[PDB]
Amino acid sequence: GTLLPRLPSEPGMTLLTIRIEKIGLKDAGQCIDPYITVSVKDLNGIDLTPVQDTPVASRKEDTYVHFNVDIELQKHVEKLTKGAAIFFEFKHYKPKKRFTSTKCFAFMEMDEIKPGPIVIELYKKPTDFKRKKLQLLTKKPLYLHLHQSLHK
């Protein structure tokens, strides 16, 4: 885990916290030491904030990996450029090849930042930070489950 503390609050500014609940994957339970990397890129796909990594998942299940962890957005909402997008990359350890690979990614755009649950689809690695070319990981209803919290 490389998760950061909530940023210092500001008058009239909003902070966003994103509880990552779970992610569906037809081979969910088979992934070893799985976690997620959360970043925020501009339209050009460049980091607008420091990248964070969630600790390895609490519970796996045949078709679901449970996290139930909170992510603090490292920049106030009304300070993110219009083209920003928040990326979630599912990473796991490949037993034989002995390394960590990014299996898929899900992303949400500025205009999708609102309180309440939100389910995002999953796209095939390699992650496209400009999100211009996408291959759906599975038409199956196995998604990424998040809940968003907007402060002040």
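Residues carry their position along the shown sequence, with the first being 1.
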remark   = Higher avg CA temperature factor (85-93 vs 39-47, as deposited) belongs to 39-47
remark   = Ranked by mean Cα B-factor in the entry, 6-14 and 124-132, top stretch is 6-14
ask   = In terms of the CA temperature factor given in the entry, to which third of its chain does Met108 belong: lowest, middle or highest?
value = middle
Relative C-alpha B-factor of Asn68, binned into the chain's lowest, middle or highest third = middle
key: Entry-reported Cα temperature factor of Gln30, expressed as the chain third it lands in   = lowest
ask   = Within this chain, which third does the Cα B-factor at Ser58 fall in: lowest, middle or highest?
value = highest
key: Ranked against its chain, the third holding the CA B-factor of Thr102   = lowest
